[PDB]
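Engineer: Provided hereafter are the protein sequence and its experimental coordinates.
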Amino acid sequence: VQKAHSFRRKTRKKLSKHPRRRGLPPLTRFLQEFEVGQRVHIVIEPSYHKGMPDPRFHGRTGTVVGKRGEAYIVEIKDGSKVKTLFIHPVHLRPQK
Amino acid sequence: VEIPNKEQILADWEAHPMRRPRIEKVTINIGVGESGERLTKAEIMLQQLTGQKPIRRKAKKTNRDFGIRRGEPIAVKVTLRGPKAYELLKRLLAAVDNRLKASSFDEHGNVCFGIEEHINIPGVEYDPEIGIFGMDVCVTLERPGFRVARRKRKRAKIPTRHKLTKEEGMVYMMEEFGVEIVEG
Amino acid sequence: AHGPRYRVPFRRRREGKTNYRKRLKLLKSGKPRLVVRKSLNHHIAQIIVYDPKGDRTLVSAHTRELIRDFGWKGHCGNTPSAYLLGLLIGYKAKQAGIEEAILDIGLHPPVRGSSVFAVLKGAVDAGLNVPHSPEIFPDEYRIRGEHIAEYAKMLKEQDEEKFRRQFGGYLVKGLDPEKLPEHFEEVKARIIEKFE
Amino acid sequence: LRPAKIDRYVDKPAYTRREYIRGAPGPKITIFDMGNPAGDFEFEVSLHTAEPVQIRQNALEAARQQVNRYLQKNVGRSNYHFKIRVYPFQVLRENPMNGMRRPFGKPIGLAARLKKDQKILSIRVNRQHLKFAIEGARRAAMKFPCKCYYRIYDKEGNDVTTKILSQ
RNA sequence: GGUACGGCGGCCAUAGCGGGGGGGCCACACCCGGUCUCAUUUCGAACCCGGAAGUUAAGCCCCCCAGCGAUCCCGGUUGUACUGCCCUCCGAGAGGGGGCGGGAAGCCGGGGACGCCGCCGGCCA
RNA sequence: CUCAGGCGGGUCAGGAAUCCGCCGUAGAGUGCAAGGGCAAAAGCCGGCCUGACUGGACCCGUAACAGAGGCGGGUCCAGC
């Protein structure tokens, strides 16, 4: 039986959280900032349901191309085409 | 009964003034069991006996066997603290003979009993509104610094050394007022 | 702890000092926060800014400054003392240069007419503007200290032992509970003269 | 019942979750310990399989009955301890026959899935009845669908098969 | 610059839980009383207001431990289990094997671990 | 403000009515399947309210890569 893709389709372990990590995260990730042209990983935080990108892109590295409101604009390369995402910084991580 | 540690624990109470506990609250419950005019009668009874307002304790879950429905006001209760609580406890404990079962004490030196008919400065004014007379009375003790676990800010847990025990509670009751029995 | 699935809260939450849910909302603004805290005998007012390594406090004021540097002879845990400390911290912040801040009463309840809001009124009067609504401040007479003087007069009219127990430290320090409003006006005058 | 060669091998995924397997049958073997489990017996004869296998509950029960009767007859209730170390968890299903249409099978039995060099059963006994223990192990091995061997261990647990048999 | 002082924080158990000893310059507490501010679906219990008669018994602060929990290093099991690429290598089959490249989990033994950092003030100086 | 469940105590009251202590990492609840997330809360109890609104922009998913009418969702500007 074919099943169409939904937001939380086959994310039982991907969006799960460690038992010792329960609760809200530390505020550093919430309050972090990035600059245009920076490269950032996408690590979704399950406990924060706003500004969440599609779990399809969880674990990918993108480029910051601006910031509207509180969310950052991340440009990513899916296959060969370009996709723009709006992600809250809590879901993002700097690339060292 | 007989407490073997009375002497050295007396040395302890006298040596450490802050180790002396006190009755923080006496709770009196009237389990009326039904939401009728008897409930109001018990409410007014405890109002004129204690002097403060009652509380309508509702029923959790529904049980047809006892003729109760969830959320129905069934029983009432009142909490007494301070010197007025001391006086009320004295008169209530005098109501019945000044004897307490030695086994009724909890693990943390908390004791309580029940009275199946008003007898404490009772007043024969029961025909107008009475009939549900009967009261579960439990007393709680505490060494002074137990508000650490009650205050919201910087709440902490008291160690095992600083909390009461059954023997200390019964000896405190004996020393202050009243006597124990061997309950058989 | 019980096992591997036991979640130990943050250190500050375990100690019951910081409300992280409110911390996040306060820090979202990005402006400096005027942190106000109170003890059994003293008040603390500070101006703090965020720093991921650890938040940095720029201007801080303690109520011992009132007793030593400027001269105070009253209990440092009352609404008038809170107002004086708020005025002092506002003047200090304006001297520092910062012009705006947001109040931070920690995990104290927001009950109107309290010491924290007395500090807020003192700061806004000093000049450091903080968003607020005037209805939360304590009464002007309360800030001037009329309540303590009234209680002292009532106690003196009543049995004097109650008055002695209540204010056994003021008399030895050398201050009568009466004329406290005059003492407050004197301290206010010296503060304004020094800072203006 | 179908031939045991159908279920002999372990190529299929494990099928154990009774919360989701509907109509799964109940065990036909309910006794796993016989004799004197508290007794102190010097030697322990264990039967090992030489390859991954699945042993049906029917084979387990047949071996249990044969070995228990033999040991009871030739040793005595209190002079041995016979144990079956493996419980049947795998569920064996068969196609309900339509033909090959909607062919998912329905539960028909259950079996125990065993890995290489794993122990199936153990007989603890003293030096007097070691030959009886060995014969019982051989009789049990005669009832299983794979190749099996037997080993003799002391109370420490080190193999002494060759030395004990030679002596 | 000293301090068995506090406030705001970072990593968020190698930091926790549970125990033993010691302390109160200042400071933090317990503690005393509810006229006023504030509140009890009753209760000054909590929250709030007014203080210092008393106590370091508790919180708090300093030093110690390996009982539970967590987690770091070393040795054994062990290059074991598992696995990527090639194969005219062995097997009736299942499945194994050679060369090159990776490499556990759990358990056993010995150490570690009763937190480490940032900013600013109080008291002394 | 903190739950389920449990231990000890208490007149009627019993396994189960209402109450007093201790333990309690969620073993409760969150309208409804399952999964994920939630402890000074997203749960329980209350106060006020109707942003379940108007005019628009851009972006992701159904439909990876790789085309789409209709639809769902996300990030925002302005008005009230």
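Structural biologist: Structure's in. What do you need? Numbers count the residues shown, from 1 in each chain, chains lettered A, B, ... in the order given.

Engineer: From now on I want contacts and neighbour counts done on CA atoms only, so please keep to that.
Structural biologist: Fine.

Engineer: Show me what from chain B comes close to chain C.
Structural biologist: Proximity of chain B to chain C is confined to B:152-156 under the rule CA under 8 Å from any CA of the partner chain.

Engineer: buried subset of those?
Structural biologist: Neighbour-count burial (16 or more other CA atoms under 10 Å in any protein chain shown) applied to the residues of chain B next to chain C gives residue B:156.

Engineer: ok, how many other residues are close to the residue nearest to residue D:115 when sequence neighbours are not counted?
Structural biologist: Spatial nearest neighbour of residue D:115, excluding adjacent residues (CA to CA, 6 or more residues apart in numbering or on different chains): residue D:52 at 4.4 Å. Neighbour count for residue D:52, taken as other CA atoms under 10 Å in any protein chain shown: 18.

Engineer: residue contacts, residue C:105?
Structural biologist: C:35-37, C:116 (CA atoms under 8 Å, 6 or more residues apart in numbering or on different chains).

Engineer: Now rank those by neighbours and give me the top one.
Structural biologist: In terms of neighbours by other CA under 10 Å, those top out with residue C:116 at 30 neighbours.

Engineer: Doesn't residue B:133 lie inside a helix?
Structural biologist: No. Read with DSSP: H, G, I helix; E, B strand; the rest coil, residue B:133 is coil and lies in no helix.

Engineer: Relative to residue C:46, how far out is it?
Structural biologist: 59 Å (CA to CA, to the nearest Å).

Engineer: check contacts around residue C:59.
Structural biologist: Contacts of residue C:59 by CA under 8 Å, 6+ apart are C:46-48, C:89, C:92-93, C:96.

Engineer: let's see it at 6 Å
Structural biologist: By CA atoms under 6 Å, 6 or more residues apart in numbering or on different chains, the contact list for residue C:59 reads C:46-47.

Engineer: What is the three-state secondary structure of it?
Structural biologist: Here residue C:59 is recorded as strand under three-state DSSP.

Engineer: how much space is there between it and RNA strand E?
Structural biologist: 6 Å (CA to the nearest atom of the strand, to the nearest Å).

Engineer: cool, and residue D:77?
Structural biologist: With CA to the nearest atom of the strand as the criterion, residue D:77 and RNA strand E are 34 Å apart.

Engineer: I'd like to know how far the closest residue to that residue other than its chain neighbours sits from residue D:130.
Structural biologist: Excluding the flanking residues, the one nearest residue D:77 by CA to CA, 6+ apart is residue D:35, at 5.0 Å. For residue D:35, the distance to residue D:130 equals 15 Å [CA to CA].

Engineer: One more: residue D:152?
Structural biologist: From residue D:152 across to residue D:130, the span is 9 Å (CA to CA).

Engineer: now do residue C:41
Structural biologist: 86 Å.

Engineer: what about the two, which has more around it?
Structural biologist: Neighbour totals were compared for residue C:41 and residue D:130, and residue D:130 leads with 22 against 10 (other CA under 10 Å).

Engineer: Which secondary structure state does that one sit in?
Structural biologist: Classification of residue D:130 using three-state DSSP returns helix.

Engineer: Tell me which residues touch it, please.
Structural biologist: By CA under 6 Å, 6+ apart, residue D:130 has no neighbours at all.

Engineer: Could you rerun that using 8 Å?
Structural biologist: Contacts of residue D:130 by CA under 8 Å, 6+ apart are residue D:43.

Engineer: what bridges to the spatially most central residue of chain B?
Structural biologist: For chain B, residue B:138 is the residue whose C-alpha lies nearest the centre (CA atoms, centre = their mean; 2.1 Å). Legend: beta-bridge partners of residue B:138 under DSSP bridges are residue B:27, residue B:112.

Engineer: I figured it hits residue B:113, correct?
Structural biologist: Yes. Assessed by CA atoms under 8 Å, residue B:138 is found in contact with residue B:113 at 6.4 Å.

Engineer: Share the number of residues neighbouring the residue in chain A that chain C sits nearest to, please.
Structural biologist: Per CA to the nearest CA, residue A:20 is where chain A lies closest to chain C, at 4.6 Å. Residue A:20 sits with 12 neighbouring residues when counted by other CA under 10 Å.

Engineer: ok, so what distance separates it from residue C:148?
Structural biologist: From residue A:20 to residue C:148 the distance is 52 Å (CA to CA).

Engineer: And for residue D:149?
Structural biologist: Residue D:149 is 97 Å from residue C:148, where distance means CA to CA.

Engineer: Of the residues of chain B next to chain C, which are in range of RNA strand E?
Structural biologist: Among the residues of chain B next to chain C, proximity to RNA strand E is found for B:152-156 (CA under 7 Å from any atom of the strand).

Engineer: show me where the chain has helices.
Structural biologist: Assuming you mean chain A. For chain A, the helices defined by DSSP state H occupy A:27-31.

Engineer: Please refer instead to chain C.
Structural biologist: Taking DSSP H, the helices of chain C run over residues C:11-15, C:20-28, C:64-65, C:79-96, C:115-126, C:140-144, C:146-157, C:160-166, C:170-173, C:180-195.

Engineer: Quickly check: the longest one near RNA strand E or not.
Structural biologist: Yes. Applying CA under 7 Å from any atom of the strand, one finds helix C:79-96 touching RNA strand E at C:79-80.

Engineer: for that helix, the distance to its chain's centre please.
Structural biologist: Distance, stretch centre to chain centre, for helix C:79-96: 8 Å (CA atoms, centre = their mean, to the nearest Å).

Engineer: Return the angle between stretch directions for it and helix C:180-195.
Structural biologist: 10 degrees (axes from the mean of the first three to the mean of the last three CA atoms, to 10 degrees).

Engineer: Pick out the residue in chain D sitting closest to chain B.
Structural biologist: residue D:19 (30.9 Å).

Engineer: Tally up the residues packed near that residue, please.
Structural biologist: When neighbours are counted by other CA under 10 Å, residue D:19 registers 7.

Engineer: Residue D:18 too?
Structural biologist: Using other CA under 10 Å, residue D:18 has 12 neighbouring residues.

Engineer: Setting aside sequence neighbours, what's the nearest residue to it?
Structural biologist: Per CA to CA, 6+ apart, closest to residue D:18 is residue D:24, 7.0 Å.

Engineer: Confirm the one you found sits in a helix?
Structural biologist: No. Using three-state DSSP, the assignment for residue D:24 is coil, not a helix.

Engineer: and residue B:167, how far is that from residue B:180?
Structural biologist: In this view, residue B:167 and residue B:180 are 12 Å apart by CA to CA.

Engineer: The two: which has the busier surroundings?
Structural biologist: The neighbour comparison of residue B:167 against residue B:180 (other CA under 10 Å) goes to residue B:167, with 21 against 18.

Engineer: Report the contact partners of residue B:173.
Structural biologist: Neighbours of residue B:173 in contact, by CA under 8 Å, 6+ apart: residue B:179.

Engineer: Residue C:82 now?
Structural biologist: C:43, C:76, C:115-116, C:118-119, C:122 are the contacts of residue C:82 under CA under 8 Å, 6+ apart.

Engineer: Let's have those in CSV, adding distance to RNA strand F.
Structural biologist: Converted to CSV, the contacts of residue C:82 look like this (distance: CA to the nearest atom of the strand, whole Å):
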residue, distance to RNA strand F
C:43, 20
C:76, 25
C:115, 19
C:116, 18
C:118, 23
C:119, 22
C:122, 27
